[PDB]
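Here you'll find one protein chain in two forms, each presented separately as structure tokens under the names structure 1 and structure 2.
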Structure 1
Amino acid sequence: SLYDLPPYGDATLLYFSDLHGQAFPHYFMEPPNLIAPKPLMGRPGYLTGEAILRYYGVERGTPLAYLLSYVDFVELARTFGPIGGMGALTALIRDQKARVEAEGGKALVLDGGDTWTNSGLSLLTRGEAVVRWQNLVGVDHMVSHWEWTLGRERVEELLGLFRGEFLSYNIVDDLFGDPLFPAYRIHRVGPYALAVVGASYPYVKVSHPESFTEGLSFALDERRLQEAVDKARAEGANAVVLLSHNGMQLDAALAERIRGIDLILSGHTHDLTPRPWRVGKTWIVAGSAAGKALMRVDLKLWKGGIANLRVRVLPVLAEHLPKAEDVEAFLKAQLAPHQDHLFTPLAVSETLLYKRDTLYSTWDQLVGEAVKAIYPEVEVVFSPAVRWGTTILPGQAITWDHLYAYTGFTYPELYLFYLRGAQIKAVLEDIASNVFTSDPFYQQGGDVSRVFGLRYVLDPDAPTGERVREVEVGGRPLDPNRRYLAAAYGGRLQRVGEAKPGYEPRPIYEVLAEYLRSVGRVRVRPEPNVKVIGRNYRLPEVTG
């Protein structure tokens, strides 16, 4: 029994992160690849497939293996059923908190951020229905990242509804530098005091439209973070927990630079850590994503920190959890009007459609194919390599709710523009230098944009300017001076391009629904357009 655990410690943290508004049970496969430059290979955040199972001592075919790796995915999805769903997550959280309290324990419900956005329910209520669900379950704290794509005003509004206490040491006014929210909160846990410090994603300005966060700075400030930890302890905190949305590698670097952080609950990177990652004098536990798991962290505290801890990744399996009737009732009420829109099949996929990967996915290829089919003049389609999304099983129907799960940006516009061949290589080399940075302190936690219509060779360990080679567009060598017509959504690439005259940008999801409804069935087979030097590029089994 995964959920039946004996008591342990003075305090229990019930933690999830990066739900990305996923209201319903769904499928979410881990990436087939998490390519690292040599210096970073074999670390948590860079483990996939069989390697991840071995690292954590997880047996193949188990519920944990199903959550942790792409290995046997389709087979395990049919065996254990879908993951997540606000209903099941709520039921699990409620079960766990009741056990702990009945033990005489103290349980905190911590949300790592990236909760309010990127789903049908979210887009339909501009995030509000997600905030309401949060209040139903009882979230004690949360940090943020994508929340800000709602715009400063809407966030300000929703925080008025949010019953938990929002934290962040780094969101400050861009002129005066005064923090807008509390950096941390101290909770009494028996005779001890536990401080929960919050950190929001520091790269919000360059990752989303600048207008969403005008007047704010989210910059990483070690001096300021260190000072908040020092203050928490001065005020009585025995132990310090960082509820983070920096990204796990950045969290790791901080563990070696900041003093006094005992545990980091790492969001943003969508990682899974069945056993805590020990860095310096800190333990790190990742928050997974899309509601697939509830991390239960039991702490035995001492006057100077965390003496020991028990970490359990609890799978959120809807077929094996009781119902949270109030959550189910609330969702039916919230989405009754939109049932037909959200859940009517648009098309049936014959193969596995997955999103997560360093370089390539079948979902993103489907999108490239959809764009080219509707805009035949397009030569290259740049798809955003976000880590949020969903997974479609073979024979499963694709719905609007799925489209919003995959492309539910608040700025979902597809842009058509010309790029010179030299800009194409430069863009890839640029992304490559960010993703394959050998220094974790500079890591931003993203993947490489998928470019449909081109093929290339990548050397993660080559010097900057030399990582991308042998570029080919439409079966011919890349010509640096030729103007290629490109398409791109969810990013900023259009800013350096020459807009296609006569084209009016429109939401990527409209283009996809139009395509899907027409073809009725899709069968995208994995055909990676990249060759990785020094690495074995892996693929999942897409049938079954």
Structure 2
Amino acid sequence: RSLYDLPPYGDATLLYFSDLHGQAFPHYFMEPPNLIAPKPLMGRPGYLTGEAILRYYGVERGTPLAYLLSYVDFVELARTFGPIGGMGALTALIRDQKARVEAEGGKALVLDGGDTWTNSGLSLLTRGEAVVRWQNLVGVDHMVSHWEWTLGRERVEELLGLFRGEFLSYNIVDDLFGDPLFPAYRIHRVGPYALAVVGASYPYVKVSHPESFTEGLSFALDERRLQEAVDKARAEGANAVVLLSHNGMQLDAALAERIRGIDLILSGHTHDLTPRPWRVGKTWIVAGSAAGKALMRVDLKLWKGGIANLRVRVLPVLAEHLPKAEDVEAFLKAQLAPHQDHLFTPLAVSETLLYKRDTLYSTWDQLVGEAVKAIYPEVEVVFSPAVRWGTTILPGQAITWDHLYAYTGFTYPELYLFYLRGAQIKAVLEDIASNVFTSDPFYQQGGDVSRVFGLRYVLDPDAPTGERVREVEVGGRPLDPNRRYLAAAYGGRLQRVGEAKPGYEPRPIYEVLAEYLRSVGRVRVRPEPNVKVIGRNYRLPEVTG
């Protein structure tokens, strides 16, 4: 009846998005069919999918919110409402909203949760610069970071010189002296009140990406320093404190029970959606979604001691249903005009739905495994990175280079071929499983399993560490712990424990994909999950339509 036409509410409005991952154009982004959790974490925000998520939030099936929120009815709703995101539509929506708030005499802040500058055609072609420029066009007040660092320390410093907003992070410090490199927070006047925005960058940057990108930096989660920063903002006059975070929602939730003084957390990193805020301790938590699919409008009623009340609305960024942001459209045309040929020409047509997100398995990741095995038939197992970023290809839709970059646009995209003993394969899976499924609530945090094309296994998320992965089979034959298997991997560090295939030169995964796609012309990868999940129903979306 009116997704965007909202009446005024409160003293301040936060317009928040996160994990855009350089997605410049309207595209499709389906939520995961599964977000598997150990028994203790089931049924909570960050672990809800399908029908369950709709019910939890009281979202009616078939609505624009349902289209964004769940994989249920995906293909059908994508045809109905159209693509989401695009920097043009996102900008138009942010401006529409900011203009409404200011006309009400309210104070509006545009907040970016990070994982913004990277992983897209536009980003790769400009080493992130064009994304920074767009941020400057819309007018981002603050941002935090994670994948930004894959551009390397030097390049990030350069880009921050261009970024007109104020970058925040309490946790990024020099690894020798420990001095913070950036402001921990910023206090903004909101009428008679003061509202502090504290920033937190992803604390595991060092172990998640090439160490050389962050040489000289520490990103470690420091609760003592976090508390001190919150205590300081207040002593300096802050009535309410908001944490603009890239810790990940489950980690944010743990902190809400350990840190005092945080009134609201805008949770990035986990690519979650929270149509209603998640109350944890004395803190409200609102997720940043991803890929430009939504703008979270958080209206705040402040009081001398914090946040009195709040209104949260997930605003769908529907390109077909929003006005154009002319300057943005113009900037994009100017930036990618010289490369539209490369970026948008079809490489192949996908007959069925290609999706990326899921705890265990995806049709997109299988496609990649099939491409690798096709070009390198000696490869027995292909380990694909379970990143949260990517895009969704509809049936009959043509795959382009822009999609390849959205899916495999790492700054370190090299595909490695190397041998692993059978015992290593099993241990790699068991190791990931122990991270992603730890029961202990004190230790959060969730976060998907590498997809291994060429093998099948049984997973029990509730079993003890060392017993979660069993009945591993490679090509129909039981895994032989002492056998050397030829593996392929990209977007990670698995190659570090393997023996490199002689004669093989690592090259960008996307070059392998383009070669394969151009040759085959059409692909049809139906969902055939390779994992038997103990104690859970494993779900699949409808891949035709």
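Reference numbering: structure 1, starting with residue 1. What we label the rigid core is the largest C-alpha set whose atoms superpose within 1.5 Å from one form to the other. Residues that one form lacks are left out of the comparison.
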{"item": "Comparing forms between structure 1 and structure 2 after core superposition, the one residue of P202, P315, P440, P412 displaced by 2 Å or more at CA", "value": "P440"}
{"item": "Inter-form CA displacement between structure 1 and structure 2 at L428 - rigid core frame, Å", "value": "0.1"}
{"item": "Mobile segments between structure 1 and structure 2 [3+ consecutive residues, each C-alpha shifted 2 angstroms or more, core superposed]", "value": "438 to 446"}
